[PDB]
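S.K.: the data below comprise the sequence and an experimental structure of the protein.
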Amino acid sequence: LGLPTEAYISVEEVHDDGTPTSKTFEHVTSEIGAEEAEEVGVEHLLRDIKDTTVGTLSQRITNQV
Amino acid sequence: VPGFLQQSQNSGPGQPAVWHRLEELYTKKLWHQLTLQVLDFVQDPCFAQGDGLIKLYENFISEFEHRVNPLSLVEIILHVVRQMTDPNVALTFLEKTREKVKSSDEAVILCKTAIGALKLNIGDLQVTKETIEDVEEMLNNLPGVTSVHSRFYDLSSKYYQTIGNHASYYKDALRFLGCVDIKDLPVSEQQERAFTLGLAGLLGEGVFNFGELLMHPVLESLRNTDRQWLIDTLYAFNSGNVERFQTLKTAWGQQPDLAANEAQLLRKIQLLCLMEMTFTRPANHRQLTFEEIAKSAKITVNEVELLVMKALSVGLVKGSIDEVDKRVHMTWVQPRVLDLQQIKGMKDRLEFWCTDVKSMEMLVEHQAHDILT
Amino acid sequence: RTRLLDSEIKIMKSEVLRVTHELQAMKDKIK
Amino acid sequence: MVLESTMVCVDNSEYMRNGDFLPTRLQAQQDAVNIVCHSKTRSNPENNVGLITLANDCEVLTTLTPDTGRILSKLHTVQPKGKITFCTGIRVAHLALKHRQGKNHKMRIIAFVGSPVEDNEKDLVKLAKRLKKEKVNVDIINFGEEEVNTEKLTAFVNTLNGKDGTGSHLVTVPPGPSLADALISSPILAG
């Protein structure tokens, strides 16, 4: 599910409701970078780049998670 | 100076002993004992103006001590104003000393907070309100002192004094709760401040958040000392909506403020009732008869045909409304907070439906296991 | 007076660090 | 050229602001660090000196280095205000000496106490017995002010150096103003 990296940024502020200190890490959106000739080491063994498995197993994964 | 502290400075009981100790600190050069213990004796208010007059002499001693201004100067100024009494030009002198000697920039922002408060006492919504804006710039984004933010809250509360803007009061009181160290605030003094917060402070149209501030624990416990029925009436306007019995009670709870804004508040509860149907009830019970809205707007059922349109007009939340029975069944709504313990969020609505989905997901797997491969 | 001399000595220590920084700046420039 | 690396712990606090020792206690503390770094340099050029405040924050002000230039810069603008937290700092200093790759260099800690420490005596004594197992010499020079008689520290030093141990000297602050040279002589005379 989701992605391996979790992004947190720690900031100091006054909570509007009034939590004391209000200093904590804040979650931020995270993404995967773009590289070339990187999965030749790994994906070459497997891979499934086709529309054949769309709606065959893709629906199962979404229902699964 | 050493002779002055030994005998003339003494006023309250134990003052000769503490001043003799202060002389030992002066010789020992222990600024920290002078910064905390000596200022702690100054903190005691029994001496009142007399300690403050002595404090001007002690301020010269403090200049030799060179104790950190954010701690030492602010405490000296807190009792310096008591010595000043009515400061027609005394305020300029204390501000001048604070400006001339600054251990840190943070102390300079503390000087600004004092300047604004003194200006507020002599003048209203003039340079002092602009100085309150200047203090926001001076504070910048640093809440580490926390007490400095409370001083910033004090001018923000002073801005509420300068212009009624009860919404500004609602923001400052919330800011005070965040920047207060804890419940270390004198409970009785805060309960007395909460008595005002329970009365004029929450009676002001500025705060009505269905318990976002009202159900916050520290203020409500202090507001318990304030009439409980008035405190209940404040919750009642937000979630009880029309609360006609509470409407009679609100006049009893606080005649000031409520009487002045009774028509405006009546309009606000009518808007609150319209928001209440959609967030509290999603579908089904969200749809309701025009007569219930007539009771909700405390208006006649024939009048509610006209009235629902006015409540709909505010359009605080975008939705779909059918006038067949004035049923809501609307779209987007923003609840200030969820009711109870978010019982709807548990198996009452959410979670239970999610459990049902995975069993159906298993049915998709059973339907086509070979295809999954 | 004596405190001013002590402040000058601290600045002199910073100047010794600055001579090392100048050598580092020269080394980066040399590359 | 005896090889030794010392993780000294400096103190920055409102107590350190007091200038009873020399013009300023912090300046005197900086002077004390200067002599020890010079003494280590005389003993061996490769000797590494590193220091950190033990008050409020106990990280690493400078990683241990043979050159003393970094040590001098860290002493500059030390900025004193944090309340002393000796227990966290002493634990950090001992492990930091192990952290250094060159463990062959002898491991020693010199610390300055400017304020009384609010810690259970048993808790510091338990750390001191662990320090004895680590077998790293620790000598503390109290500066300006300390818990009266440094009783907890005296027990801590005894636990650190018991059973005919190094018995590294613990210097309680001399009452009133103390010359930096007077403070430097006791560590030079014995650890």
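M.R.: Cool, got the structure. Numbers count the residues shown, from 1 in each chain, chains lettered A, B, ... in the order given.
S.K.: all the strands of chain A, residue numbers only.
M.R.: A:7-12, A:23-28 (DSSP state E).
S.K.: I'd like those strands as a markdown table, with distance to residue B:87 and mean neighbour count appended.
M.R.: Using the backbone N, CA and C atoms, a C-beta is placed for each residue, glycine as well. Shown next, in a markdown table, are the strands of chain A (distance: least, C-beta to C-beta, whole Å; neighbours: other C-beta atoms under 10 Å in any protein chain shown):
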| stretch | distance to residue B:87 | mean neighbour count |
| --- | --- | --- |
| strand A:7-12 | 35 | 10 |
| strand A:23-28 | 38 | 11 |
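S.K.: could I get the ones you listed as JSON lines with distance to residue D:139?
M.R.: Shown next, in JSON lines, are the strands of chain A (distance: least, C-beta to C-beta, whole Å):
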{"stretch": "strand A:7-12", "distance to residue D:139": "37"}
{"stretch": "strand A:23-28", "distance to residue D:139": "37"}
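S.K.: so which of those is nearest residue D:37?
M.R.: For the strands of chain A, the distance to residue D:37 is smallest for strand A:7-12, at 35.0 Å, taking C-beta to C-beta.
S.K.: hmm, that closest one in reach of chain D?
M.R.: No - interface with chain D: strand A:7-12 contributes nothing (C-beta under 8 Å from any C-beta of the partner chain), its closest point being 15.3 Å away.
S.K.: name the helices or strands packed onto that strand?
M.R.: strand A:23-28 (3 or more C-beta pairs under 8 Å, 6 or more residues apart in numbering or on different chains; DSSP states H and E).
S.K.: so the strand it packs on versus strand A:7-12, what angle?
M.R.: Per axes from the mean of the first three to the mean of the last three C-alpha atoms, to 10 degrees, the angle that strand A:23-28 makes with strand A:7-12 is 150 degrees.
S.K.: which residues touch strand A:23-28?
M.R.: A:6-13 (C-beta atoms under 8 Å, 6 or more residues apart in numbering or on different chains).
S.K.: list the pairing partners of it within its sheet, with orientation.
M.R.: Strand A:23-28 has these partner strands in its sheet, going by DSSP bridges: strand A:7-12 (antiparallel).
S.K.: just the CA trace of stretch D:150-166, in CSV.
M.R.: What follows is stretch D:150-166, C-alpha atoms only, in CSV (Å, rounded to 0.1, in the frame of the first residue of the first chain):
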residue,chain,number,x,y,z
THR,D,150,28.9,19.1,45.5
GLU,D,151,27.8,16.1,47.7
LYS,D,152,26.1,14.2,44.9
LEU,D,153,29.1,14.8,42.6
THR,D,154,31.5,13.8,45.4
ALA,D,155,29.6,10.5,45.8
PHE,D,156,29.5,10.3,41.9
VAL,D,157,33.3,10.7,41.7
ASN,D,158,33.8,8.1,44.5
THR,D,159,31.5,5.6,42.6
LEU,D,160,33.4,6.6,39.3
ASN,D,161,36.8,6.0,41.0
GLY,D,162,36.4,3.5,43.9
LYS,D,163,38.4,0.5,44.9
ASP,D,164,41.8,2.4,44.7
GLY,D,165,40.6,3.9,41.3
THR,D,166,42.1,7.0,39.5
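S.K.: quick one: which of the contacts of strand A:23-28 is nearest to residue B:111?
M.R.: Using C-beta to C-beta, residue A:12 is the member of the contacts of strand A:23-28 that lies nearest residue B:111, at 23.0 Å.
S.K.: could you measure from the closest one over to residue B:144?
M.R.: 7 Å (C-beta to C-beta, to the nearest Å).
S.K.: mind checking the longest helix of chain D?
M.R.: Longest helix of chain D, by residue count under DSSP state H: helix D:25-43.
S.K.: which residue packs closest to residue B:250, ignoring adjacent ones?
M.R.: Leaving out its chain neighbours, the residue that sits closest to residue B:250 by C-beta to C-beta, 6 or more residues apart in numbering or on different chains is residue B:233, at 4.2 Å.
S.K.: which element is that neighbour on?
M.R.: Assigned by DSSP states H and E, residue B:233 belongs to helix B:228-235.
S.K.: residues touching the residue of chain C found nearest chain D, list them.
M.R.: Closest residue of chain C to chain D, C-beta to the nearest C-beta: residue C:13 (4.8 Å). Each residue near residue C:13 by C-beta under 8 Å, 6+ apart is listed here: D:69, D:72-73, D:76.
S.K.: report the buried members of the residues you listed.
M.R.: Neighbour-count burial within the contacts of residue C:13 applies to D:69, D:72; the criterion is 16 or more other C-beta atoms under 10 Å in any protein chain shown.
S.K.: which bits of chain D sit near chain B?
M.R.: D:13-15, D:17-20, D:81, D:115, D:145, D:176-177.
S.K.: how about the helices of the stretch 251-373 of chain B, start to end?
M.R.: Counting by DSSP state H, counting those that start in this stretch, the stretch 251-373 of chain B has helices at residues B:255-258, B:262-280, B:290-296, B:301-314, B:352-367, B:369-372.
S.K.: need these in TSV (columns: distance to residue D:150 and mean neighbour count).
M.R.: As requested, these are arranged in TSV below (distance: least, C-beta to C-beta, whole Å; neighbours: other C-beta under 10 Å):
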stretch	distance to residue D:150	mean neighbour count
helix B:255-258	61	15
helix B:262-280	63	19
helix B:290-296	73	20
helix B:301-314	70	16
helix B:352-367	62	11
helix B:369-372	73	10
